[PDB]
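Side-chain atoms are counted along with the backbone in the values below, which use heavy atoms only and exclude waters and symmetry mates. Lettering of chains follows the sequences in order, A, B, ..., and the numbering in each one begins at 1.
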2 protein chains.
Amino acid sequence: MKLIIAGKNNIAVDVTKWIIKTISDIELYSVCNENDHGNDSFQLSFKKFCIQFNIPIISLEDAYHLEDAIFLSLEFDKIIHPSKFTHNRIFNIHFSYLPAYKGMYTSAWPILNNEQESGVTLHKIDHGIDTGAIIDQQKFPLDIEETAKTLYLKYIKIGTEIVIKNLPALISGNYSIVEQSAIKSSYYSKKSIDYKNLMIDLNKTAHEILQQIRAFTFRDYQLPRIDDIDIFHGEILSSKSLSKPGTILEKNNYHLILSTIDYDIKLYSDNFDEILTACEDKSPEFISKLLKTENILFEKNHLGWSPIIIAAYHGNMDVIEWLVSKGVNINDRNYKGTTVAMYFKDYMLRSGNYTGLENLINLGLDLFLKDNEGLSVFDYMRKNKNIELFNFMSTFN
Amino acid sequence: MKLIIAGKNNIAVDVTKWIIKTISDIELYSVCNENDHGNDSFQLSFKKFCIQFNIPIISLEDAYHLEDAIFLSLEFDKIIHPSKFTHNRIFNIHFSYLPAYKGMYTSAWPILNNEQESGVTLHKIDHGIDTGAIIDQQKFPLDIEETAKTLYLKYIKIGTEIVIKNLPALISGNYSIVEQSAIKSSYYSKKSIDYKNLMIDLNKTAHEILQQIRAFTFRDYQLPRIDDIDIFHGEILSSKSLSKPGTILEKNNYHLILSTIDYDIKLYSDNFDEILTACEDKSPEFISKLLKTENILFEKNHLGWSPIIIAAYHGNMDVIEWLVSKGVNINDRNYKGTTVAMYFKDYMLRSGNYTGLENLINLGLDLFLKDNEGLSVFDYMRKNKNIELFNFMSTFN
Ligand SMILES: Cc1cn([C@H]2C[C@H](O)[C@@H](COP(=O)(O)OP(=O)(O)O[C@H]3O[C@H](C)[C@@H](O)[C@H](N)[C@H]3O)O2)c(=O)[nH]c1=O
Ligand SMILES: Cc1cn([C@H]2C[C@H](O)[C@@H](COP(=O)(O)OP(=O)(O)O[C@H]3O[C@H](C)[C@@H](O)[C@H](N)[C@H]3O)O2)c(=O)[nH]c1=O
Ligand SMILES: Cc1cn([C@H]2C[C@H](O)[C@@H](COP(=O)(O)OP(=O)(O)O[C@H]3O[C@H](C)[C@@H](O)[C@H](N)[C@H]3O)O2)c(=O)[nH]c1=O
Ligand SMILES: Cc1cn([C@H]2C[C@H](O)[C@@H](COP(=O)(O)OP(=O)(O)O[C@H]3O[C@H](C)[C@@H](O)[C@H](N)[C@H]3O)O2)c(=O)[nH]c1=O
Ligand SMILES: Nc1nc(=O)c2c([nH]1)NC[C@@H](CNc1ccc(C(=O)N[C@@H](CCC(=O)O)C(=O)O)cc1)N2C=O
Ligand SMILES: Nc1nc(=O)c2c([nH]1)NC[C@@H](CNc1ccc(C(=O)N[C@@H](CCC(=O)O)C(=O)O)cc1)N2C=O
Ligand SMILES: [Cl-]
Ligand SMILES: [Cl-]
Ligand SMILES: [K+]
Ligand SMILES: [K+]
Ligand code: NA
Ligand code: NA
Ligand code: NA
Ligand code: NA
Ligand code: NA
Ligand code: NA
Ligand code: NA
Ligand code: NA
Ligand code: NA
Ligand code: NA
């Protein structure tokens with residue numbers, strides 16, 4: 001029969017990849033979001049992917065006319081009315097644990113509201129906003145320093161997994177539904193947060209200001225900015241100024257210290273740029289003193305360069321190792337899927353210093369991954385006729 | 001030593017009454033709120049009470065100068081700075097379970113935020129807003145149809161009890177303190193709710209609209225008003241309009257039915273006036289059909305007249321009994337402390353029908369209570385020379 005995937009980002013791409021891999025006799029169609037103009041970013045363009053993989057792209061209007069189909073929305077942008085289809089085989093993933101957090105900005109509102117957990121829900125599409133009956137859902141805790149970005153990436157991951165787990169049952173029709181409860185049902189509109197005039201209310205407690213700071217931390221979109229300083233995390237102090245909330249107690253290149261309703265807060269200026277630059281050639285000790293939060297070690301720039309990617313490209317071995325010891329993925333990738341091993345290969349080639357590879361292989365470096373173009377490090381070295389290096393790399397298990 | 005009670009309402013009055021009763025060698029002073037102009041309302045005027053009981057009223061500025069004193073704030077309206085006293089014996093009751101819900105409108109915000117519980121906290125005054133170290137606190141659950149009024153009255157009650165329980169330890173100095181945690185500390189300002197332009201957001205779920213309706217239900221101040229109809233409670237329906245949230249599906253004299261993000265809602269128009277009038281002379285059956293929520297049976301007008309008070313004054317015996325069966329207090333009082341028994345005495349006198357008293361005594365009618373002037377039903381009948389009726393009433397245990 002036919003399966004129409006309507007949506008965006010790594011959820012739509014990874015679900016579709018799984019279907020291609022796993023489900024043979026299934027005719028795939030794509031419906032893409034209006035603002036998907038084919039550019040990969042922190043998330044892949046589903047439009048680009050579909051064009052490359054010969055998945056036909058159709059309009060939402062075309063989708064209404066397809067009979068013997070199942071329709072699955074994955075972060076789709078247009079309202080879907082069940083009355084416009086011949087069938088009821090119309091499914092959505094919504095990034096919350098429904099019935100809570102229907103609607104918008106689900107990576108922010110749970111954090112703003114100091115929730116202990118969130119989740120992802122697979123449900124039927126009905127006429128209204130995230131209102132249809134629940135087919136499956138999974139919960140997870142929010143971390144103490146969860147940000148909207150870290151939360152969104154959880155969503156992408158769990159939602160991909162829920163879709164894969166349930167898809168055979170969606171296809172067969174062998175699934176159960178439960179109507180959403182009215183109790184603890186909640187919704188937020190597009191008007192609920194104005195991302196283009198974002199204000200942190202400083203006439204609040206230390207905890208409430210830091211929850212806001214974190215709920216608004218999503219580098220690709222923005223960082224919170226206070227007193228003309230971009231902020232990347234902070235901490236609650238033990239001191240309690242008598243000054244009114246919002247008073248700036250201290251401002252320098254490193255941080256802002258503010259008085260609040262209760263405890264003073266220290267808000268760390270963003271120094272990610274300086275952290276990436278340090279990873280070229282500075283020691284772990286140097287970097288450990290530059291950073292004000294270890295969360296900065298996991299950040300990525302617009303290309304997806306992380307600290308480890310910089311350290312690998314530059315052959316900064318002590319930094320690579322130290323990053324791995326702080327829980328950084330030795331097989332990290334940029335936004336094109338290009339891996340640590342590929343960046344390190346370039347350093348090997350440029351430098352002629354092949355001595356560090358074994359160390360990294362022993363830390364779990366994977367030479368066999370492929371980038372978004374489907375090429376491994378081996379494919380590149382072959383294409384470029386770098387046979388000595390290809391052969392040296394090939395000796396490792 | 002000296003004890004200064006700074007504040008308002010039945011909490012300040014009842015605490016002070018307990019002290020007068022229980023603590024002999026204690027010199028009392030009062031500081032009253034700027035807007036306490038001596039008028040009893042749903043709460044007693046502490047100013048009136050102090051003048052009548054010869055408790056000297058002093059300014060806050062006078063209070064700073066009293067040495068060998070303890071200072072206790074009970075819903076006081078002016079900021080207290082610990083630096084202005086010779087001593088640290090400065091205590092506050094705050095109507096929340098701190099560190100949550102510092103600041104304003106604590107009868108509303110927990111309801112708006114769908115909390116499962118609230119509480120009351122006794123703590124030291126420090127320079128900031130409800131920030132000082134905790135001496136004691138008690139928690140309680142919020143009812144499913146809790147309103148800001150029912151919540152406030154809980155607060156008054158539990159806070160009076162916490163003060164009475166802890167006062168000897170405050171006086172002796174033999175109490176423990178714990179600093180408030182930063183975690184889960186929250187605050188709301190006067191700006192957080194505009195009671196003079198109160199808007200219910202109807203682009204929300206059924207549950208969220210009803211939480212707002214209830215958080216804004218406090219008859220003495222206001223009822224929520226939608227489409228020019230005063231609302232007193234409502235219910236979530238099983239129907240789900242396709243129309244956009246806020247669409248009025250039905251409007252008549254009884255109710256408004258609205259479409260929401262999820263389930264339709266029925267909002268009951270306020271008919272308290274009609275309920276009081278019915279209690280004069282109509283049957284329980286009649287009233288049971290007039291009411292749309294049994295919460296209406298417990299409501300009071302600006303004098304403190306409840307349904308039972310009306311039924312008693314009018315000798316509506318079946319209604320009195322039926323009210324008691326619905327959990328109404330047979331010893332209910334108006335805002336001057338005047339009891340059901342007093343109102344029923346007037347009906348006895350007016351009518352010459354003494355036959356129903358025994359029935360009420362058997363349901364728990366208390367002839368021995370005193371009003372805010374310190375007079376019982378017996379005192380009134382003696383003053384008015386109604387000796388036959390006095391003597392008839394006197395035969396009951
Ligand atoms: C637009 C925007 C978003 N964010 C955060 C908050 C948001 O939850 C997360 C992902 O943003 P996104 O996918 O635009 O939008 P959102 O989570 O509201 O998703 C909503 O719109 C999409 C198209 C619907 O399918 C979805 N079901 C909705 O929840 O990033 C920001 O931090 N800054 C922004 O400017
Ligand atoms: C991390 C890093 C990269 N570069 C260069 C090297 C790279 O070709 C160019 C753009 O980076 P990119 O978009 O992350 O590279 P891409 O995903 O196109 O991958 C390419 O370059 C890498 C180095 C090869 O191993 C890989 N086989 C190529 O496809 O920037 C730098 O100059 N400095 C750096 O720190
Ligand atoms: C003014 C106002 C209040 N309310 C509700 C909400 C509020 O929590 C409750 C009692 O009102 P109130 O005592 O004026 O004020 P509130 O609870 O903000 O108390 C605040 O101000 C007093 C003076 C401080 O001592 C206290 N600690 C504060 O919490 O009634 C309404 O429903 N409508 C109103 O217009
Ligand atoms: C409940 C009720 C009362 N009344 C009258 C009777 C009352 O004197 C007057 C004002 O009511 P109130 O302020 O509640 O009365 P108050 O607290 O001053 O008490 C007085 O009147 C009552 C009836 C006596 O038993 C009591 N001993 C008096 O002090 O209104 C009515 O006309 N209709 C009523 O339904
Ligand atoms: N029936 C249905 N319900 C949904 O919740 C839903 C779908 N379909 N399809 C995909 C996506 C679409 N979500 C939306 C949500 C709002 C608008 C919209 O145009 N809203 C108004 C009001 C804005 C607001 O309040 O957010 C607008 O003027 O923009 C469009 C698509 N979505 C589930 O993810
Ligand atoms: N140190 C101290 N802290 C308190 O929280 C407190 C006291 N004392 N004393 C009694 C009462 C007084 N509460 C208040 C709170 C705000 C304003 C005030 O004037 N606020 C500003 C801003 C308004 C707002 O944000 O609420 C104003 O302009 O009105 C006055 C008294 N109160 C605890 O109950
Ligand atoms: Cl190469
Ligand atoms: Cl009398
Ligand atoms: K402060
Ligand atoms: K609706
Ligand atoms: Na993209
Ligand atoms: Na199911
Ligand atoms: Na917005
Ligand atoms: Na702006
Ligand atoms: Na550091
Ligand atoms: Na009063
Ligand atoms: Na204690
Ligand atoms: Na206000
Ligand atoms: Na108004
Ligand atoms: Na009824």
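- Listed in order of number, the residues of residues 180-191 of chain B that approach chain A to under 4.5 Å between heavy atoms are B:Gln180, B:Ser181, B:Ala182, B:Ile183, B:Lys184, B:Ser185, B:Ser186, B:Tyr187, B:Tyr188, B:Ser189.
- At a 4.5 Å heavy-atom cutoff, the contact between A:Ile261 and chain B is made by backbone and side-chain atoms alike.
- Partners of B:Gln138 under the side-chain hydrogen bond (donor to acceptor under 3.5 Å, both in side chains) rule, at least two apart in sequence or in another chain, do not exist in this structure.
- Rounding to the nearest 0.5 Å gives a distance of 6.0 Å between CD of B:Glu179 and NZ of A:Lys240.
- Listed by sequence position, B:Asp126, B:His127, B:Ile129, B:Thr131 are the residues of residues 117-136 of chain B in contact with chain A, using a 4.5 angstrom heavy-atom cutoff.
- Contacts from residues 195-204 of chain B to chain A, taken as heavy-atom pairs separated by less than 4.5 Å, involve B:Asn203, B:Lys204 in sequence order.
- Shown here is A:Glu34, whose CD atom has no more than 12 heavy atoms of other residues, nucleotides or ligands within 6.0 Å.
- Interface remark: B:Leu242 contributes backbone and side-chain atoms alike to the contact with chain A (heavy atom separation under 4.5 Å).
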